[PDB]
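Chemist: Below: the sequence, then the experimentally determined structure.
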Amino acid sequence: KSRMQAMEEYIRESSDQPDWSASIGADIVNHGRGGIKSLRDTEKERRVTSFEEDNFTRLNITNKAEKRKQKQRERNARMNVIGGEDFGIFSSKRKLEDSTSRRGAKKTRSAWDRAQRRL
Amino acid sequence: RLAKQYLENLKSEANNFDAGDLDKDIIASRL
Amino acid sequence: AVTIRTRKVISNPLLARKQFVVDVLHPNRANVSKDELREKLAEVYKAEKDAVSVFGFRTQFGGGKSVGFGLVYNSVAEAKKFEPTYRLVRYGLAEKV
Amino acid sequence: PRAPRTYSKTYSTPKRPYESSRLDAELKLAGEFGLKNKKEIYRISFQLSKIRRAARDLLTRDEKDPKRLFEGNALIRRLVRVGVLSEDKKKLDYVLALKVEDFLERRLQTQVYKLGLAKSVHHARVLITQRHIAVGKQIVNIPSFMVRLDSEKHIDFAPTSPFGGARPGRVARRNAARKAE
RNA sequence: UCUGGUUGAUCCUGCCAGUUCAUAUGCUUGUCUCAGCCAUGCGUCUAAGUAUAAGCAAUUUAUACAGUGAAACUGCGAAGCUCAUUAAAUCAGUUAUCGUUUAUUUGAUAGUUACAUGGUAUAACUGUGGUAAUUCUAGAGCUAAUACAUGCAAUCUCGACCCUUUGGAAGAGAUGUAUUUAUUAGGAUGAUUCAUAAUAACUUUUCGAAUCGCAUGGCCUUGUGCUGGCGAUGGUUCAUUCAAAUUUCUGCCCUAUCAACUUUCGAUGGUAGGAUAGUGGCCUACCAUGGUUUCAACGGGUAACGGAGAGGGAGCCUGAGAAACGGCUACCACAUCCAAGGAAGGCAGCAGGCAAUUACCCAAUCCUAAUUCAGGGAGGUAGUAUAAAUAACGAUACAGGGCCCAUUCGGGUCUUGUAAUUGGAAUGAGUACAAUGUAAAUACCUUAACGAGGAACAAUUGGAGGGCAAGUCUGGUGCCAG
């Protein structure tokens, strides 16, 4: 909930550590009818494969749960993702400042608290 | 500055032993 | 040709078998039959065909590869004693009730 | 039952479909880029209008707003990666300077024509929809595919295609058999 | 909201004409992809409780039976729908049960004729019959239990002799459990009349293996003599666990145009009694007149879906747990069959329309049972707005017109037209061999062979113009006009 996508975009440039990119042809959803997977789709998918490998069996998707996880996840795509890069976060309104803001109790409140941080 | 300020917040939002690692280890000994 | 590679080979004394992830490299062809895969697995691990239980084969998009799961019991009797009834029937080790 | 689902439209009809300038514009655009109907342009115009609405929102915000630098640099990175926005013009006023024919130029059909694999945009389209064009190791049959720079580099004939090294098509081997017979 | 007229030319006010995830209706594609009425139909079996099936099979596995096993007697468990509506009285959190019951799981726990008693017993079963007739039935004759009843030469202390100094040992003594009452003593908690022990009695005085399967060891006193291994099913009490029932405090609507409410067949409290599984006006006999409230009692409204019954009320029965979607009695109605003598039902249902809810399974997640294996309409499986194609690339022949602007006259521009012939390639819908997929199967994915010139493998919808006859009509100033 605190995570908002583009801050990690800056981190990736500012991390100075590589990002484990995948192959160009491996990323089409289905023959071009579904665009390239967004970066998020490649993490949530690998959670499944990493989650499948240990349990030694697949996960079937319930007929009900199928009706809020497949389409909209790929209707956001055709509405948002163009060439596999998400554009939905841009139109959406979020309080970006609060997620970054030092709202934790360890925050500057008096002159001494900020004076400590200089030390 | 703001990028870091986000980083400590996640650290705040987010004897030393992991149950899963102990489960992976027996799987590895099983391996 | 076709290649079979096994990873995460977890040997299970309590069910007395070996479970693993089987990956199949099949250029220029449909896919491999489970009888066929069990054949090659059982020559490789030096076990009877009744003791090898493979399942769950999915071809990744674009073809040419598959990933699934495989079991190789320490004995054939153990294979009957532990395998699901249907997984025994699909090999003919058990008859449909 | 269980929760219903959100879905959205990728295009919107223009304010007035009937300006002669407008019609001549779709005529030029469909002719140059071989578009099937006006729904593709309506889609691209909708998408570009959304990007511009975001960009003007950011131009409105004062420089050094967290929101502004955030949202705009993210826009610039995405528009660069799709290849529309060149490396030397990474600033939001030039985001405000795009034009739809850039997005049509990024359509896989256009590269299949442009790289020399096809002699025409329509030839490119029939090759793509017929599974003769592969983006690296993967066969793609959608002309509306948006090609990235790294994906632009790797456009080729597919291994399974008769033009990529597979066996001659049904017509060729059929005629060869009849000639032999 | 805009656009053009109304002037010789403008401004203003008027007039005229053109300028939808709303509803119906029409054509096409849906070859791929994708998403109040109706007489309308309709339980349970392991090696382990009982076999004399006149059941089955085997033969040495049975001279008491011994495998399997119908029936019957025992044991265990049976605990979705449809209507109404209710403001912290539902529900959520939390406290207490030293105020309670609790199948099952788990840990402990009972030295106080017998080489095994009776029918005080019958089912299944054999046989005789009545009835229009039922999960309707009477007579006669059998036979069993983990069903029903009955029921059976030990140990521990004080210990002289201080004999021997571990030690033996005279003598004295002592010795279930359950209920109720009375009495005495009184490790645990903050706290107890709590726990436990003892005495005197009481009780329609409880219980303290007459059970089963597999194995046949150790001894000798050769008798089938003594002594025995692993389990199952039973049983008293306590604790634990699964739960249940009350109970402490807290918890976002408007409210006084809702100010008193209660004792209205208990309202507040005490004593005693009745009942509960137990506390308690919960109820009963007497006694006091109390209890909430302007710090909002009580009453009213509500987007408080934001608790009730199985034809209708009354009553009973089982079990650890239900006032049972089970059964029984009477009453009130509905309605069926009949030989009109009686019998039986809860369908007064369910599902539909103003019409196919089916077929395949306990595998997967789980569970009930004499339980590995049986079952579960719990559950699972199947049935019935979104991206493509209808085509792409050449060669040749034959002809000079093709297009744009302009009310007007005309002006502007150049590689064109085919309603001509012809060539080799590509592949999709279809026709489909397989494997995979799966409880099995469908579907998905992958994949042999075939598959285009009218590529007849023959998508539509709407609009604007023509032109043609020995053709037809109507009006005219011929050969015209409509």
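Modeler: Cool, the structure landed. Numbering: from 1, shown residues only, chains lettered A, B, ... in the order given.
Chemist: Just want the phi and psi numbers for the one residue in chain B that gets nearest to RNA strand E.
Modeler: Relative to RNA strand E, the nearest point of chain B is residue B:23 (17.5 Å; CB to the nearest atom of the strand). Bear in mind the C-beta positions are built from the backbone N, C-alpha and C, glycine included. Backbone dihedrals for residue B:23, given as degrees, to the nearest 10, come out at phi -70, psi -40.
Chemist: which is the next helix or strand following the lengthiest helix in chain D?
Modeler: When chain D is parsed with DSSP state H, its longest helix is helix D:38-60. Using DSSP states H and E, the next helix or strand after helix D:38-60 towards the C-terminus is helix D:66-81.
Chemist: Against chain D, how distant is the residue in chain A positioned nearest to RNA strand E?
Modeler: Closest residue of chain A to RNA strand E, CB to the nearest atom of the strand: residue A:33 (4.4 Å). Using CB to the nearest CB, to the nearest Å, residue A:33 is found at 6 Å from chain D.
Chemist: Tell me how far that residue lies from residue D:129.
Modeler: Per CB to CB, to the nearest Å, residue A:33 is found 12 Å from residue D:129.
Chemist: circling back: flag every buried residue along the longest helix of chain D.
Modeler: D:38, D:40-48, D:50-51, D:54-55, D:57-58 (16 or more other CB atoms under 10 Å in any protein chain shown).
Chemist: residues in contact with it?
Modeler: A:82, A:87, A:90-91, D:10-14, D:26, D:29-30, D:35, D:67-68, D:71-72, D:75, D:79, D:92-93, D:95-96, D:98, D:100, D:103-104, D:144 (CB atoms under 8 Å, 6 or more residues apart in numbering or on different chains).
Chemist: Specify the angle between that helix and helix D:66-81 in degrees.
Modeler: Put simply, helix D:38-60 runs at 140 degrees to helix D:66-81, going by axes from the mean of the first three to the mean of the last three CA atoms, to 10 degrees.
Chemist: pull the longest helix from chain C.
Modeler: helix C:34-45.
Chemist: Excluding chain neighbours, what is closest to the residue in chain B that chain D sits nearest to?
Modeler: Nearest residue of chain B to chain D: residue B:2, at 5.8 Å (CB to the nearest CB). The shortest distance from residue B:2 to any non-neighbouring residue, by CB to CB, 6 or more residues apart in numbering or on different chains, is to residue A:100 (5.1 Å).
Chemist: List the contacts of the one you found.
Modeler: With contacts defined as CB under 8 Å, 6+ apart, residue A:100 is in contact with A:7, B:2, B:3, B:5, B:6, B:9, D:66.
Chemist: Which ones among the residues you listed map onto helices?
Modeler: Filtering the contacts of residue A:100 for helices - DSSP H - leaves A:7, B:2, B:3, B:5, B:6, B:9, D:66.
Chemist: on that earlier part again, hmm, the longest helix of chain C in reach of chain B?
Modeler: No: using CB under 8 Å from any CB of the partner chain, helix C:34-45 stays clear of chain B, with a minimum separation of 15.2 Å.
Chemist: Point me to the residue of chain C nearest chain A.
Modeler: Relative to chain A, the nearest point of chain C is residue C:69 (5.0 Å; CB to the nearest CB).
Chemist: ok but that residue is inside a helix, no?
Modeler: No: using DSSP: H, G, I helix; E, B strand; the rest coil, the secondary structure at residue C:69 is strand, not a helix.
Chemist: and it, what is it in contact with?
Modeler: A:56, A:57, C:19, C:20, C:21, C:22, C:54, C:55, C:56.
Chemist: Check whether the fourth one sits in a helix, strand or coil.
Modeler: Reducing the assignment at residue C:20 to three states with three-state DSSP gives strand.
Chemist: ok, it - how many residues close by?
Modeler: 23 (other CB atoms under 10 Å in any protein chain shown).
Chemist: so who does it touch?
Modeler: With CB under 8 Å, 6+ apart, residue C:20 has these contacts: C:6, C:7, C:8, C:9, C:10, C:69, C:70, C:71, C:72.
Chemist: correct me, but residue C:11 touches residue B:29?
Modeler: No: counting by CB atoms under 8 Å, residue C:11 stays clear of residue B:29, with 9.8 Å between them.
Chemist: who has more neighbours, the two?
Modeler: Higher neighbour count among residue C:11 and residue B:29: residue C:11, with 15 against 9, using other CB under 10 Å.
Chemist: isn't there a strand covering that one?
Modeler: Yes: assessed with three-state DSSP, residue C:11 lies in a strand.
Chemist: Excluding covalently adjacent residues, which one is nearest to it?
Modeler: residue C:18 (4.7 Å).
Chemist: Done for today, thanks.
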